[PDB]
Structures are given as structure tokens and as C-alpha cells.
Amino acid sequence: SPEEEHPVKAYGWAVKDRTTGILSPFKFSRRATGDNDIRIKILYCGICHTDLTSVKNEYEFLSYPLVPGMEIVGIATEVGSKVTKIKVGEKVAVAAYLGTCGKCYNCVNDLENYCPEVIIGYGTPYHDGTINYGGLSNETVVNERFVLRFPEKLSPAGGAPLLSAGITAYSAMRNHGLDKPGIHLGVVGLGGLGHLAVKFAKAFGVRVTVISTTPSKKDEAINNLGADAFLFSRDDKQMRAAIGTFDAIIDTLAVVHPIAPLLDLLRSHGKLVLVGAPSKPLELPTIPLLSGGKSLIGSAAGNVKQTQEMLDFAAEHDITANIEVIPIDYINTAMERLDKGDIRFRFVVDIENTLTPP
């Protein structure tokens, strides 16, 4: 039984029946604190589109009962004997992944988010063979390598979506030189990831055009996020006028979409960075890719050193997500609103104040 699996009792909300996707109160347990482990009392957990996709029963490989949530901000309540960088009582945050092989090139050179055996935030076995439970819970236990120090100047609630959506945008931009004034960057899709991509790029001095299928989002894009331009992707005149005008485009969409129009927007040798995870596959336009010498680049989150650097950057530049703070028993309705796009732009669950045992 989940409550007997481990010595320390824990509780949260879980999808017990994968065919319905409904979360309900859930008792379970967490491993004892190892020598390099940190126990974290969870304060806030951001909700991302991957949580929704999991809840919609679209990831076969996940094990149920499923406790989702991978944007965790909390307080260290207990550290192992070998832990030194983090002290009890400190504000901390958890990476979007929980472990790596430790031996491959990526791990040894601190690029460990790209470990072939990276352990994702929930739903799969840990090193001890037990299924991981995510951030919609009262406490978690994480190896110290994957725990970050949360800046004092940063809102815990507004900073929580930085741990998956924020780092994905930040790393993709930093890794591919999309963080310098003079760059014209396009951001496709204005959801959680996209709205943070705009904020980070403005902080970098990058000129940003939001590329959207929702014309009512223009005002939010320009007035609230500070984008330099808004491109309605169904406007053939707007699209043709922007041909060859982008150095790079960051694609955040979780649905199937045509890639060829996006490649046409890029100048020769431009980059299309894919950070969204459509559940269905995409079609590759070979001729536009070849004739333009263009690149399709995948990116996923960021390494833990890059994540700490991002958190410090966000604190100094006051970069937070635009959030709605919700109680945990609102989670099923929030999932519906997230499915309809009725959120600007992130749900964050107040775990400390609204979660109680079953």
C-alpha cells in the first residue's frame, strides 16, 4: 500500500482512476531522509500543461495513483548529514526532475537535464524503485543536487512557475544566443511557457513578436507582457509581411500545427526551438528546411546550475509569472479552465494553507 511503502507519512491529491482524471485526497508515504536528501514542506505548486496532459490520460507510461505537480517552492525542514549548501528553514525550490544516472557525459559536466536516464518529476520509479509523487502534496524528499536556493526577493507563488516553464524558456534562450539585444525573436503560443518567454526576452533586451491564433490576446501580449509586436497567424497578409524577418522562433504549442509557415518566417539559417510537447506527431517540411539551411532544435527545462542562475536573474529583474493562486480542492475545475485556455497565465496551488489529510 502507498501509505505503508515508506516510513514517513504524507498526503496530497491524486488521480486515483486514470480514466476519469479526477483528483481526490490521497494518503501515501515518503522515504526517510538519506544522507544527501532534503525534506521540503511545500508552500506552492505551479500547474503546467504537462500536468493537464497527464490528467487527461495521454501518457501511457505513467503509473497511478498519480500525484502531479512539478513547480515546487517550499521550506527545508530536514537535511541529511552530508548536505551543506542548504540549511534547515531555508526557502528552497525543486527542479522539474528528481534524479539522473550520475555517470554519463551530461551528468558529469553538469548538463544533467539531458541525461538519457533522467527521472521526471512524478509518475515513474525513483532510484529505489518506488513511484515518484509530485508537488500536489504536503512535503517531498529530494536529493540535494536537484534542490535550488530560492531568492529572498522573489515571490514564492509568482516564482513557482519558473521551476519548469520559466527555466525551459530561459535555458533555450541562453543556450542558443537568443538573449542579446539585436535579436528578433518570435514566441508561438501565449500560455504559461510563452508568457514567461516574452518576459525573459524583454529582460534580455530582445525584440519579441508574439505569434498567436487568439487575436483577443494582443492587448495582454503588448500592454501586459511588453511584446514589441503581435502576429495573428491566421492573417495571411501579416504572415507574408513577416517572411524572413525572425532570427529565431520559440514554439511552445502543445497541439499539432503547421511548421512550414513558421520556417518561412525565419531568415536563412534561423532556428525553430521546439519546447512544447504535442501528443501527436508533427510533419517536417523538408524543402523549406533544406533551402533555408534552417534548424529544428529541441530543448527541455535546464540544468540545475542554470536553474539557480535563472532564479537569481528573476529576483534581480523582478520576473514572476502572472498567476492565479488557488486552493487544492479547486484543482479539478482549474484543469478544465486550463484545458479551455481560460487562465492568464498560470495556476499556482497554495499547498500550505489549503491542503488537509483525507
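Sequential numbering from 1, following the sequence displayed.
Asker: Between 252-260 and 152-160, point out the one with the higher average CA B-factor as the PDB entry records it.
Answerer: Per the PDB record, 252-260.
Asker: Mind pulling up the entry and telling me whether 57-65 or 41-49 has the higher mean Cα temperature factor?
Answerer: Stretch with the higher mean C-alpha B-factor: 57-65.
Asker: If you compare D128, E117, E71, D179, which has the highest Cα B-factor in the entry?
Answerer: Top of the list by C-alpha B-factor: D179.
Asker: Check the PDB entry and point out which of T100, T140, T124, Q238 has the largest C-alpha temperature factor.
Answerer: Of the candidates given, the C-alpha B-factor peaks at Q238.
Asker: In terms of the CA temperature factor given in the entry, to which third of its chain does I351 belong: lowest, middle or highest?
Answerer: Lowest third.
Asker: Using the B-factor values recorded in the entry, state whether the Cα atom of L193 falls in the lowest, middle or highest third among the modelled residues of its chain.
Answerer: CA B-factor rank for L193: lowest third.
Asker: Using only modelled residues of the chain, where does the Cα B factor of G34 rank: lowest third, middle third or highest third?
Answerer: Its C-alpha B-factor belongs to the highest third of this chain's values.
Asker: Would the CA B-factor of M310 place it in the lowest, middle or highest third of its chain?
Answerer: Its C-alpha B-factor belongs to the middle third of this chain's values.
Asker: Looking at the entry's B-factor column for C-alpha atoms only, identify whether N113 ranks in the lowest, middle or highest third of its chain.
Answerer: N113: CA B-factor falls in the lowest third of its chain.
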